[PDB]
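Reviewing the structure listed below.
Here Cβ is always computed from backbone atoms with ideal geometry, including for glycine, and neighbour counts include all displayed protein chains. Each answer follows from the model by the rule given with it, or from the source it names; no laboratory read-out is quoted.
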Amino acid sequence: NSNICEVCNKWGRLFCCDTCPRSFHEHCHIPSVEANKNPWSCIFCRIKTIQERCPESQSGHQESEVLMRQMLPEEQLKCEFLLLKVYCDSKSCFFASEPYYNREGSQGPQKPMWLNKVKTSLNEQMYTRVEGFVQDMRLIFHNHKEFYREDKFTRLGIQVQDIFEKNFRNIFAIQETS
Ligand SMILES: [Zn+2]
Ligand SMILES: [Zn+2]
Ligand SMILES: [Zn+2]
């Protein structure tokens, strides 16, 4: 196994996957590393199994159809994995915890949103369709763009949004386009 967490790239108290060489801090894995279960298989491995069981699941899809899917167990997992892929980028630090807004010339968003809030909402099964999860993820970055206006810090929102969107297209096998 690796000797650093796959998500935050730090050492510490790590749980090792039985079917691949990745390792995780307990609360870095999503869902949080399960208490018992020997063997244990990480989210990467679980996602690969879905693909392997249904190879056709990698054929192109329309985003509109994906968003209307109900949050059954496999879509729950996919959203968990997509959230984890965002936390994998160090720039997610800026969007992890609850923000506050006091900048001359700007007003805070009407509906603040942050990664840990999305993580809790997934854990508590609050989303009934993929659309709910995707809307809250895109809201994170849209709120940031609007608030930071012409400050160069706006770029951090563009950057992390691009990681989300690339991963969304990959995990949900969105049909490639020009
Ligand atoms: Zn970690
Ligand atoms: Zn694994
Ligand atoms: Zn099949």
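Confirm whether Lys91 is farther than 22 Å from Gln51 by Cα and surrounded by fewer than 17 Cβ atoms within 10 Å (Cβ to Cβ).
On the way: farther than 22 Å from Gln51 by Cα: yes; surrounded by fewer than 17 Cβ atoms within 10 Å (Cβ to Cβ): yes.
It is true that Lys91 is farther than 22 Å from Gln51 by Cα and surrounded by fewer than 17 Cβ atoms within 10 Å (Cβ to Cβ).
Looking only at region 13-30, count how many residues are within 24 Å of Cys93 (Cβ to Cβ), surrounded by 15 or more Cβ atoms within 10 Å (Cβ to Cβ) and not aliphatic (A, V, I, L, M). Please lay out each step first, then the result.
Filtering region 13-30 for residues within 24 Å of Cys93 (Cβ to Cβ) gives 13-15, 22-30.
Of the ones still in play, those that are also surrounded by 15 or more Cβ atoms within 10 Å (Cβ to Cβ) are 14-15, 22-25, 28-30.
Filter once more, keeping what is not aliphatic (A, V, I, L, M): 15, 22-25, 28-29.
Residues flagged as within 24 Å of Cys93 (Cβ to Cβ), surrounded by 15 or more Cβ atoms within 10 Å (Cβ to Cβ) and not aliphatic (A, V, I, L, M) within region 13-30 amount to 7.
Within region 80-98, identify whether any single residue is touching a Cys at 6+ places or on another chain (Cβ under 7 Å), within 16 Å of ligand 1 (Cβ to nearest atom) and more than 23 Å from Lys166 (Cβ to Cβ), and answer yes or no.
no
Residues that are within 18 Å of the chain's Cα centre (by Cα), surrounded by fewer than 18 Cβ atoms within 10 Å (Cβ to Cβ) and within 20 Å of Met137 (Cα to Cα): does region 49-64 have at least one?
Yes - at least one qualifying residue is present in region 49-64.
Could you check how many residues of region 33-62 are more than 16 Å from ligand 3 (Cβ to nearest atom) and either not in a helix (DSSP H, G or I) or not assigned by CATH to the domain that holds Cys8 (or both)?
We begin by selecting, within region 33-62, every residue more than 16 Å from ligand 3 (Cβ to nearest atom); these are 33-46, 60, 62.
Of the ones still in play, those that are also either not in a helix (DSSP H, G or I) or not assigned by CATH to the domain that holds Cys8 (or both) are 33-42, 60, 62.
Number satisfying all stated conditions: 12.
Are there any pairs, at least 6 apart or on different chains, whose C-beta atoms fall under 7 Å, with the first in region 48-61 and in contact (Cβ under 8 Å) with a residue 24 or more places away in the chain and the second away from ligand 2 (no atom under 16 Å from the Cβ) and assigned to a helix (DSSP H, G or I), and if so, which?
Between residues of region 48-61 that are in contact (Cβ under 8 Å) with a residue 24 or more places away in the chain and residues that are away from ligand 2 (no atom under 16 Å from the Cβ) and assigned to a helix (DSSP H, G or I), the close pairs are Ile50/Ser57; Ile50/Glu74.
Considering only residues of region 17-47 that are touching a residue at least 24 places away in the same chain (Cβ under 8 Å) and out of contact with any helix residue (DSSP H, G or I) (no Cβ under 9 Å at 6 or more places or on another chain), which is nearest to ligand 1 (Cβ to nearest atom)?
Among those residues, the one meeting the criterion is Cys42.
Can you pull out the helices (runs of 4 or more DSSP H) entirely within region 103-178 that have at least 1 residues that are without any contact (Cβ under 8 Å) to a residue 60 or more places away in the chain and closer than 20 Å to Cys28 by Cβ?
On the way: elements: 115-123, 130-148, 154-171.
Hits in region 103-178: 115-123, 130-148.
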